[PDB]
Amino acid sequence: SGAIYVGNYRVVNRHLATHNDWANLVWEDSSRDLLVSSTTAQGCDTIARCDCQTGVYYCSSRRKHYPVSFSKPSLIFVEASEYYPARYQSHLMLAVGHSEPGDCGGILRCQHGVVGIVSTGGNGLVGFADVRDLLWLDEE
Ligand SMILES: Cn1nc(C(=O)N[C@H]2CCOC2)c2ccccc21
Ligand SMILES: [Zn+2]
């Protein structure tokens, strides 16, 4: 679990969105595994606006933050899960790091700010849904 809280937005994995998220929907994209809802309180996270390929992510199944090198956002085949059939996910970045299904929502960050959230993984890989192209989250 986990979310990004920037301005009056809450960014979560679409597959973990609650009824309250759907009832306060701003934007969602199934191909990216992302959903954004509106918040009453202002958040403290800021979004990175960069092309970094190194950063640090939070792994809830280890209670630890790990440094990672990651690929640029791209279209990658993701195996079937209880949340989606096997399909291509867009704007996804892969890294070598531990992950388990419930690690989704952990933040990946770089020196500039938040880069994205854990969305896919297995067998010593972890995949992150990029948010750096969503300019409307923070200075729009
Ligand atoms: C971090 N992580 N995520 C999944 C996963 O199945 N994600 C789907 C749900 C949303 O997009 C694909 C996974 C599986 C096995 C080990 C780790 C894992
Ligand atoms: Zn950066």
Side-chain angles (χ1 to χ4, degrees):
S1 63
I4 309 168
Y5 292 96
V6 55
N8 286 270
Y9 296 125
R10 163 172 143 95
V11 187
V12 288
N13 294 92
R14 187 186 188 275
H15 73 273
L16 300 178
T18 66
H19 167 81
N20 186 72
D21 288 321
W22 281 108
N24 291 282
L25 181 69
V26 171
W27 170 83
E28 53 85 25
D29 182 322
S30 183
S31 76
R32 294 176 70 150
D33 186 40
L34 285 180
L35 181 146
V36 179
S37 57
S38 58
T39 66
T40 61
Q42 289 223 266
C44 295
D45 295 319
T46 64
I47 311 300
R49 301 296 181 196
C50 67
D51 61 354
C52 286
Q53 287 186 251
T54 66
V56 173
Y57 80 104
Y58 183 65
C59 178
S60 70
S61 66
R62 296 282 181 271
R63 283 197 194 102
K64 281 191 185 62
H65 294 257
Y66 295 104
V68 285
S69 294
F70 53 94
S71 59
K72 293 188 188 193
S74 71
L75 190 64
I76 304 183
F77 195 71
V78 175
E79 296 302 322
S81 60
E82 61 176 285
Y83 303 108
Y84 298 104
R87 73 207 209 289
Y88 283 93
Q89 181 160 326
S90 64
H91 300 264
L92 182 66
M93 298 173 297
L94 297 190
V96 174
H98 182 71
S99 72
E100 295 176 44
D103 286 322
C104 286
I107 281 172
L108 171 69
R109 66 182 76 230
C110 69
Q111 62 182 115
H112 306 105
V114 173
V115 173
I117 52 174
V118 174
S119 175
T120 72
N123 300 296
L125 295 163
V126 57
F128 310 96
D130 182 52
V131 300
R132 295 176 290 187
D133 65 310
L134 303 175
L135 311 186
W136 57 263
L137 286 172
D138 193 15
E139 188 189 312
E140 207 271 8

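The analysis underlying the following values was restricted to heavy atoms, covering all of them including side chains, and did not include hydrogens, waters or symmetry mates. Just so you know, residue 1 is the first one in the sequence shown, and it goes up from there.
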Membership question, hydrophobic clusters at under 4.5 Å side-chain separation (ILVMFWY): are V118 and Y66 in the same one? yes
For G7 and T39 the tightest heavy-atom approach is O-OG1, 4.0 Å
Shortest non-hydrogen pair, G2 vs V12, comes out as O-CG1, 4.0 Å
Less than 4.5 Å apart, side chain to side chain, heavy atoms only: is that true for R132 and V115?
yes
For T54 and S69, the nearest pair of non-hydrogen atoms, with its separation, is CG2-OG, 4.1 Å
Kindly indicate, with the supporting measurements, whether the criterion side-chain contact (heavy atoms from CB on, under 4.5 Å) is fulfilled by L108 and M93. CA-CA 10 Å; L108 171 69; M93 298 173 297; 4.1 Å; yes
Output for pair (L75 CG, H91 NE2), nearest 0.5 Å, gives 9.0 Å
For residues 86-100, the salt bridge (charged side-chain N to carboxylate O under 4.0 Å, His left out) pairs (sequence neighbours left out) are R62-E100
Q) Parallel, tilted or perpendicular for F77 and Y88, by the 30°/60° rule? A) perpendicular
Practice item. Compare all side-chain heavy atoms of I107 with those of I117 and state whether any distance is below 4.5 angstrom. Key: yes
Smallest heavy-atom separation, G105 atom then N13 atom, equals N-OD1, 3.0 Å
Are there over 12 heavy-atom neighbours, none belonging to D133, within less than 6.0 Å of that residue's CG? yes
* **Contact check, side chains of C50 and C110, non-hydrogen atoms, under 4.5 Å** => yes
For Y5, the ring-ring contact (aromatic ring centres under 6.0 Å, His included) test, sequence neighbours excluded, returns none
- How far apart are the C-alpha atoms of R10 and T18, what are their side-chain angles, what is the distance that settles it, and do they pass the side-chain contact (heavy atoms from CB on, under 4.5 Å) test? CA-CA 11 Å; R10 163 172 143 95; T18 66; 4.1 Å; yes
**Q.** Donor-acceptor pair, side chain of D29 and main chain of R32, under 3.5 angstrom
**A.** yes
Heavy-atom nearest pair, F128 first then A95, reads CE1-CB, 3.9 Å
* Evaluate side-chain contact (heavy atoms from CB on, under 4.5 Å) for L137 paired with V36, printing each intermediate quantity in order. => CA-CA 9 Å; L137 286 172; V36 179; 4.3 Å; yes
For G55 and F70, the nearest pair of non-hydrogen atoms, with its separation, is N-CE2, 3.7 Å
Residue set satisfying ring-ring contact (aromatic ring centres under 6.0 Å, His included) with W136, at least two apart, ordered chain then number -> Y9, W27
Practice prompt. Check whether any side-chain heavy atom of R49 sits under 4.5 Å from a side-chain heavy atom of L135, and report yes or no.
Written response: yes
d(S38 OG, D21 CG) to nearest 0.5 Å is 9.0 Å
Over 60° means perpendicular and under 30° means parallel, so tell me whether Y58 and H65 are parallel, tilted or perpendicular. tilted
Side chain to side chain donor-acceptor pair (under 3.5 Å) between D33 and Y84: does it pass, once the steps are laid out?
CA-CA 9 Å; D33 186 40; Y84 298 104; 2.7 Å; yes
- Do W22 and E28 come within less than 4.5 Å of each other through their side chains, counting heavy atoms only? yes
Here the gap from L92 atom CG to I76 atom CD1, rounded to the nearest 0.5 Å, amounts to 4.0 Å
The reported gap from CG in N24 to CG in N8 (rounded to nearest 0.5 angstrom) is 11.5 Å
* Side chains of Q89 and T120: is there a donor and an acceptor less than 3.5 Å apart? -> no
**Item:** Non-hydrogen side-chain atoms of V131 and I4 separated by less than 4.5 Å
**Value:** yes
Is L25 close to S37 at the side-chain level, that is, under 4.5 Å between some pair of heavy atoms? no
CD of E140 to CG of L134, rounded to nearest 0.5 Å, is 10.5 Å
Interatomic distance, OG@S31 vs CZ@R14, rounded to 0.5 Å, equals 10.0 Å
Quiz prompt | Validation row: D138, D45 side chains within 4.5 angstrom (heavy atoms) | solution = no
key: Under 3.5 Å donor-acceptor, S99 side chain and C59 backbone   = no
- Would you find a donor on one side and an acceptor on the other, under 3.5 Å apart, between the side chain of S71 and the backbone of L94? yes
